[PDB]
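Throughout, protein chains are lettered first and strands after them, A, B, ... in sequence-line order, and every chain is numbered starting at 1. Below, each value reflects all heavy atoms present in this structure, side chains not excepted, and no hydrogens, waters or symmetry copies.
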Amino acid sequence: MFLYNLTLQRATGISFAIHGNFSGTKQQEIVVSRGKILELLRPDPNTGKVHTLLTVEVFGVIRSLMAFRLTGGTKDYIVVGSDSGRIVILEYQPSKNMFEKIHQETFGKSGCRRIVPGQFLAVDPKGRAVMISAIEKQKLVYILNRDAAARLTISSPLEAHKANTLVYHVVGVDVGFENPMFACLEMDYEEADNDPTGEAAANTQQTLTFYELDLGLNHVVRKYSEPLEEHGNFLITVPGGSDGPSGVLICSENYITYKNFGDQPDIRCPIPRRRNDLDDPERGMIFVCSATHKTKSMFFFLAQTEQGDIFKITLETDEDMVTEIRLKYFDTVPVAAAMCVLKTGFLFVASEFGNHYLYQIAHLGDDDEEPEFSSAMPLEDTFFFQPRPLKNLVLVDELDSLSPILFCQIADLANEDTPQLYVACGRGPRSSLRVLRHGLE
Amino acid sequence: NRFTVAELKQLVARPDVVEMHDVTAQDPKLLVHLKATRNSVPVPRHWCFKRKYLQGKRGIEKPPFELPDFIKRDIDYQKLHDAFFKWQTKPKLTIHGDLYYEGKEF
Amino acid sequence: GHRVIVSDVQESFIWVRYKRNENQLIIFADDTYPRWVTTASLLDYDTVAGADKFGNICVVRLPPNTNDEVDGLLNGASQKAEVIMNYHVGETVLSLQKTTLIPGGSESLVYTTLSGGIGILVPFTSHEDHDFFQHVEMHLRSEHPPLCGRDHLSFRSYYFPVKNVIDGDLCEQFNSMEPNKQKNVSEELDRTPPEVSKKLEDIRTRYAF
Amino acid sequence: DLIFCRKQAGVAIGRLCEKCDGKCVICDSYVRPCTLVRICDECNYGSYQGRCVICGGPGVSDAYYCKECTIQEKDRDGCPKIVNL
Amino acid sequence: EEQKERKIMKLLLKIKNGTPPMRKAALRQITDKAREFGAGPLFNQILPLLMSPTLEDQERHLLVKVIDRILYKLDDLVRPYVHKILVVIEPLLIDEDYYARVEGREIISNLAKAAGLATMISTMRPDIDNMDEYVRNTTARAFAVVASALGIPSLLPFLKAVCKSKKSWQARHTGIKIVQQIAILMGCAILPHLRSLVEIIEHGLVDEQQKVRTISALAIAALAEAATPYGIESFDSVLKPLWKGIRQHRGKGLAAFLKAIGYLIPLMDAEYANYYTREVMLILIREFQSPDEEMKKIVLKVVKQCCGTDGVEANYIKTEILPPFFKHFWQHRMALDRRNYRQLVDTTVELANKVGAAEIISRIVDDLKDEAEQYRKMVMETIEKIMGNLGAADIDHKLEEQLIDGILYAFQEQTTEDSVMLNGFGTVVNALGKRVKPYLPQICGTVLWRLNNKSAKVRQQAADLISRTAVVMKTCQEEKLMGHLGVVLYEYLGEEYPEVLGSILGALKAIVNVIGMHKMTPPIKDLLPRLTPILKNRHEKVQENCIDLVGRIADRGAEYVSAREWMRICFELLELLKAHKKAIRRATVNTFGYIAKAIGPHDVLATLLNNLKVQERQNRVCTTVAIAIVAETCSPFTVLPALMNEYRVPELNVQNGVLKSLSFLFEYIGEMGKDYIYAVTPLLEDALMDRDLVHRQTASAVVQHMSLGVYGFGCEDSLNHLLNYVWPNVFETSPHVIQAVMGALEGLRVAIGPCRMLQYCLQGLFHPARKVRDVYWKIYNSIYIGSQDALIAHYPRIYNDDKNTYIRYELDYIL
Amino acid sequence: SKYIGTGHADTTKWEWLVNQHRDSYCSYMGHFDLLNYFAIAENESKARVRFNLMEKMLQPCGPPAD
RNA sequence: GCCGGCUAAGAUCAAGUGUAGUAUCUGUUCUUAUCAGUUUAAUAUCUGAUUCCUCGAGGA
Ligand SMILES: CC[C@H](O)[C@@H](C)[C@H]1O[C@@H]1C[C@@](C)(O)/C=C/C=C(\C)[C@H]1OC(=O)C[C@H](O)CC[C@@](C)(O)[C@@H](OC(=O)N2CCN(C3CCCCCC3)CC2)/C=C/[C@@H]1C
Ligand SMILES: [Zn+2]
Ligand SMILES: [Zn+2]
Ligand SMILES: [Zn+2]
């Protein structure tokens, strides 16, 4: 018995999503990752339709996806870290409509491994360095440069290994053309493996570690490391340089913290809760994704909780110091895996399951009566807000997605001659039964 | 401070895999449990012997090599090639767990 | 009609017979691999198609020696089943079904994935088609490697080595190469690119759309 | 004292001499060279810039891993330069 | 005690003449020791040893690393000595050795990071105003290194202050030189600070001092070269002064300003690039007539830079630039001038790459006939470069006639054998192609005259020309005096010079390889017996060409010589598989394949088995390679029965040879072996049951090569069967046997899968005996390092005890 | 020996089991459709399942013996 | 190997020969015995202690 495999309908679930000027023009495109498929989309700013331009099977597991641009360039590159032991850099060719591999750097064995990098991927905001990281001790840094023909050159990796260490998230820090910095949420488990009482397992804190790359001396050094109050999930790069301070936002359980090295104190804001909530009171609240929108006048963030509530985060600043964090309820959409805020005023929502959405950001600024929470407000006790239907967003497009398919039956339950596909898919209150027919509508 | 064979046979779900030396292991309960996994062929059985894995008996003196039937039935053209690929049969093969040892030929 | 097939959460497949007059359920065959079975489909009286939590599809068949009338050798059953097919899909399959999709077409094995994908596995009927597609896959594995640095043969052998499956998603990437490499590939198969394209389209339109 | 370097390999290409030209660095096979050899930065510096990775004479051509070593992913360890202590 | 620390810091000799382990040990310990030793003694002793007149390269590298590490720790205690260190290491930055410069720059960088910016500035400022020009250069290079280490904005205020100094022009000159050296050293990393540097240095272009203007123009050129192809808004306040200066200046300053213009033009748009080119072009045309040669080089560079942009179009170029260029630069005075000769060739080629090949090619092709041969070689070089880069499409009848006549006259008028005329002739004929039909009689007459006599250095060049042009020689449908040439090449087969014999054989091979064996004049049954004694020559080129020729003959003209002579030739070729050179081995493999394909596998295989039985080691290894070659060319179906029949001989050292041959056969055929695993399985069984150790070692090697050869082809049954016989050998003490067993196990890990290997290791992982545990954990670690991810799905279930939880519950979920 | 997860003749049950638990959690974090399966099974967001696995990474199988 | 045994089933300590490497040969001895410790999967090994009979002697 010999078999031939064919795909009839590709996967439609999204894992990661990045946006940028990948064709070199002024319009913006989105690159989404399926499990093993890479795909370029372009939303039309005239009608709000999302068109698929290119889709390629990569025959691997994509684990991290970033975009970066060199100083003076007008085109964005794509950095991919996968389950191979290689880092790859790609370039979209609009005239050929294909992805051209620019660089390949091999550093380890293939597979989703504990200590081989490929799970975490960070890039310097100016585009001169990229860091690839595993969940365990191994971290590598590549320097990115350019020759006189304006082609991209890559250097040999620099090692930043540290035994008995777990990594939760890595982001690049925005400095003003100073030495590149990377921030990491780290945990040391050496003491917990030697205590049979089980007390070293507890009493163990996350640290926020800063790694500085010295381009003059060509090595990576640990500069700062501070223990945190509680364990946090992902980090957020704050825009620095000449537009904004240069720190990080730590998203945690029930809190969001701003942190910077130097003389800057820590600023904490508790996450507001829905008034008259019906969920179990023992459960906490975390953020699940974020989206930054930088403007030549100001910047803000968009973070979403597990309930699907997007809050608008702004930062009250001084000449250099940050003084307050302000949170304001923005809207409620399905729980997303990624969010992209596009110039020309569009928000793209790629859900964890089910259909994806493109929204028009209808109301800029905030002229409203609803309360704005702050870190300066005193509370012994938490903030409360009331969820309401959409006010700041308008639904423009909806992309179908069969993920997750849970049960299928192929049968002729109507009295056509061709069989139909009856598919029980979806999870939670967004599940549905879908009938698929071969044809056009 | 070490089990006896009969005492360890009372604790395990499968006592017939317990052996003489099994009570002398650093963790006999894990050893006996792995000896009962629904796979996992055992050790080559001559680790405790003292004859370097080649028994000097059983009369190993025998014919050098008996070629297959397909061997017997220019030297031969594409027609005898057709013959060699029409006569080709699959030989006797042992399955996953059938280890060889010095005695099991006669 | 006669036999019962049981899926274990961690073991793969158990064959059972129901003795109608003795009122007995007897195990007469099992497998030699641990499999985290998600779903199973009967292909005929002796063969079973299975899926896995880790993204694999396999086909298991009873040897012709198999005796049904029973009243362990590996701490298992006395008779074993052979694995005749192994394939890594890359996504978790939860549905398998043998059916005919187009009116007047041929039967295929349709599977369904947790990421929303739909695919088929179709049998070859002649040795010439199998050999041609095998050579196409061999030559496309080298001259059109995966984009993110993965080895194609190593990816389809993620948990078990591939056995008797041709990746038609790698083969249809021939139609999207550049004409120079399309000619370099086609002139080794003793053929032109349009003939290769027509041969690729024929097997697809024979079964699916 | 025939020990591999096994340091993080960089962008430098390994070289072979006239005597070792067709050889694989790891298994010493001559059949089917498949993957270009990379060496670390301390093996490629100053007087060490062009040198056979097997012996250390003047390099003339590229060093390669064989298809057999590439299948087993033995090209994924560190620098394969033979170093003596 | 003082010399206490000295006697103990002889650690640096512990490192200098020491072993690598104690090297790194003393490195770490002296790093821990540095802060307490103190910088005084440490430097007082190390700087002499770094000043040692005959130190080595890698000793210097290790010393620099020691400096780096002892400088990182002791940070602010190095200040009172900085000056001293600099006077030792401010040289090594203008050294003609590249790595000396890298080491000096690294040392100065680590010194600047250890100390502060204020200290470096305070020690380096007194030598800013020095009169010795040798000091002002090292000072500028060291300031550039400090700027690269501590950053540009940290030095920007000192720069802005120093090149506004009204005290002396030397300080301004040195500041602008610092900016220039910063550009030269950092490259495209200056782009965020480009405008700052430009506004810092821009006021020097209008200074009252002429040396300040020149250095400012050179700094502008350096910045523009570092910035390309980005940055034109930052060069805006310089466009007016630079062009007014090229309009008013004359001499060295004019050359600097023109270099600046030329490096700035490729950054503009079409308008500005087109508008600016006109101005600098009238100035450059005026400057064509200059006697100075530096000026000529700068003018050529600027012409090449500007004529390569889009704002300048071919019309303006051919109308205004070409007449004066070709009137002023193309004279043999340029040819004897070795300095600007290559520059002129490159400028002319890059001009033709935009304006079109025809005009350039004509204007210089009339000059191919000349009294001076230097001017001839120059024109030939330029012509063949243009021909290789663009071709001969728009070359027409008149130009074709002139080209052919010129290259023919240049070929004959040749004093010393040069590669220039050879390559020119070759590429011209190859670009013309099927168009040169009558100049084919002409060229054949020319090469016949050159090949007839004159010292064989002309004959070997003629043979090279034949070898490189025979393709177009025959593809024009002409074969007769082709045979006339082949006859003469045949007569030139006894030559005392091996270099000429190599070219003769190459020409003969190129002939017989391109003309058909059909209807060709020199008979093969005459060439081959004359050719077989040359195979024993010991020159590499002669050997390679002879083997290639015999291979071509065996591939195409196999039916013209008896099989007995083929057998003798193959048995003689057997010894060439040991050649120290790779091309000899490659050609020998090819030719052996051809001869085997020709005469048939049966007789050669019988002879190879007989030869494998009776000879020494190296010859038996070569015989094994030959058997594998025969089995690959003629399908292994033809070799395997006769080879397996030889294992039936009841005698050791014969079966071991069969096993080595099978090992190399499977390793060599790879994927082709999928049809032959069932045939060799009982033989491998027999060999694995044998008491002889070499039997089992070689059978394990065969298993490994067979496993890695078939992978993804569904041969798991036989491989599991063979693993059942390989596995009992894990308790073997002999090192070679256990090495082969480990190799076979790692091959089966790929071909059979890690699940089976884990199933074989599980019961021994925790055995009571330490020997079993050692062996099984070695095998398990080998299985774990490769395919760590797959093992996740294969681990067996382990139940919870009272203290610890071991069940993986997530995998028990059921949707 | 330099690779994390390898063993030797003195390896205990606890070290073996925590090693396989730790690389199981890393494999779950890596493979996109296994995390989907778990997040559908226990009705949680995928970010929450990822954070729970990272938190379980520290002390899987409880604290060691004696 | 022959019809349980005939001491070709093992270890060891000195010397010779020789190889790139494995090795090959001679003298030997083999506790015939007990206890304690080390150690070995268990042996092993090592570390210490421990008048009577017969015909000037031998054995225990
Ligand atoms: C046990 C064998 C010995 O170790 C022997 C190879 C070698 O140790 C001796 C020493 C010495 C100097 O006498 C010989 C060394 C090596 C050779 C004779 C090899 O040839 C060379 O060096 C020349 C050069 O490296 C390339 C030769 C080449 C291409 O034939 C090479 O083999 C190949 O690459 N193959 C053989 C396999 N063949 C098939 C065809 C389908 C697709 C490609 C792969 C499979 C492709 C071409 C090896 C040949 C000689 C063993
Ligand atoms: Zn190799
Ligand atoms: Zn060498
Ligand atoms: Zn190295």
**Item:** Donor-acceptor contact below 3.5 Å, side chain D/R32 vs main chain D/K67
**Value:** no

**Prompt:** Does a sphere of radius 6.0 Å around NZ in E/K778 hold more than 12 heavy atoms from other residues, nucleotides or ligands, not counting ones at 6.0 Å or beyond?
**Reply:** no

**Request:** Assign the ring pair F/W16 / E/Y795 to parallel, tilted or perpendicular, where the plane angle (0 to 90°) is split at 30° and 60°.
**Result:** perpendicular

**Request:** Between G/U19 and G/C25, how far apart are the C1' atoms? Round to whole Å, please.
**Result:** 16 Å

**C1' atoms of G/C55 and G/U50, separation to the nearest Å** = 32 Å

**Item:** Ring-face cation contact, E/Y776 with E/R773, 6.0 Å cut, 45° max
**Value:** no

**Prompt:** D/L2 CG to G/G21 P: how many Å, rounded?
**Reply:** 15 Å

**Nucleotide G/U40, atom P - distance to CG of E/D774 in whole Å** = 12 Å

**Message:** My understanding is that a pair needs two contacts under 3.5 Å, Watson-Crick or G-U wobble. By that rule, which nucleotide pairs with G/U40?
**Reply:** none

**Asked** Would you call G/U32 and G/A33 stacked when the test is ring centres under 5.5 Å and planes under 30°?
**Response** no

**Request:** Using the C1' atoms only, state how far G/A23 lies from G/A33, rounded to an integer number of Å.
**Result:** 38 Å

**Asked** Roughly how far apart, to the nearest Å, are G/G37 and G/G18 at atom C1'?
**Response** 44 Å

**Item:** Partner nucleotide of G/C30 by Watson-Crick or wobble geometry (both distances under 3.5 Å)
**Value:** none

**Prompt:** Are G/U34 and G/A49 a pair by Watson-Crick or G-U wobble criteria, both distances short of 3.5 Å?
**Reply:** yes

**Request:** Describe, in one word, how the ring planes of E/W777 and E/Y780 are oriented to each other, choosing from parallel (under 30°), tilted (30 to 60°) and perpendicular (over 60°).
**Result:** perpendicular

**Asked** What integer distance in Å separates E/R770:CZ from G/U43:P?
**Response** 17 Å

**Message:** Pairing check on G/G21: which nucleotide meets the Watson-Crick or G-U wobble criteria with it, both distances under 3.5 Å?
**Reply:** none

**Asked** Rounded to the nearest Å, what distance is computed from the OH atom of residue B/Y53 to the P atom of nucleotide G/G10?
**Response** 19 Å

**Request:** Could you tell me whether G/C46 and G/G37 make a Watson-Crick or G-U wobble pair, using a cut-off of under 3.5 Å for both distances?
**Result:** yes

**Prompt:** Expressed in angstrom and rounded to an integer, what is the separation of B/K52 atom NZ from G/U22 atom P?
**Reply:** 15 Å

**Request:** Could you let me know what G/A8 is paired to, Watson-Crick or G-U wobble, both distances under 3.5 Å, or none if it's on its own?
**Result:** none

**Prompt:** Pick the nucleotide of RNA chain G nearest each of E/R773 and E/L693; which residue has the one closer to the 5' end?
**Reply:** E/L693

**Message:** Taking only the P atom of each, what is the distance from G/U24 to G/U38 in whole angstrom?
**Reply:** 38 Å

**Complete:** When rounded to whole Å, the CZ to P distance for the pair B/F3 and G/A41 reads 19 Å

**Prompt:** NZ of D/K7 to CD of D/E42: how many Å apart, nearest 0.5 Å?
**Reply:** 5.0 Å

**Request:** Could you work out the separation of G/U17 and G/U22 based on their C1' atoms and round it to a whole Å?
**Result:** 15 Å

**Prompt:** Rounded to whole angstrom units, what separation is found between the CD atom of E/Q618 and the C1' atom of G/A20?
**Reply:** 15 Å

**Prompt:** Hey, does the base of G/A14 sit stacked on G/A15, as in ring centres below 5.5 Å and plane angle below 30°?
**Reply:** yes

**Asked** Would you say the side chain of E/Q655 lies within less than 4.5 Å of the side chain of B/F65, judging by non-hydrogen atoms?
**Response** no

**Request:** Specify the separation, in whole Å, of atom CZ of E/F731 and atom P of G/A41.
**Result:** 13 Å

**Asked** Would you call G/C25 and G/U26 stacked when the test is ring centres under 5.5 Å and planes under 30°?
**Response** yes

**is_stacked(G/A20, G/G21) at 5.5 Å centroid, 30° plane limits** = yes

**Request:** Pull up the glycosidic torsion of G/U7 and say syn or anti, syn being anything within 90° of 0.
**Result:** anti

**Asked** With both distances under 3.5 Å required, do G/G27 and G/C13 pair Watson-Crick or G-U wobble?
**Response** yes

**Fill in**
Side-chain atoms of E/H736 come closest, of G/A41, G/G21, G/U43, to G/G21

**Prompt:** Considering every strand shown, what is the Watson-Crick or G-U wobble mate of G/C52 when both distances are under 3.5 Å?
**Reply:** G/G59

**Interatomic distance at P, G/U7 relative to G/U39, whole Å** = 41 Å

**Message:** Taking only the P atom of each, what is the distance from G/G1 to G/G16 in whole angstrom?
**Reply:** 39 Å

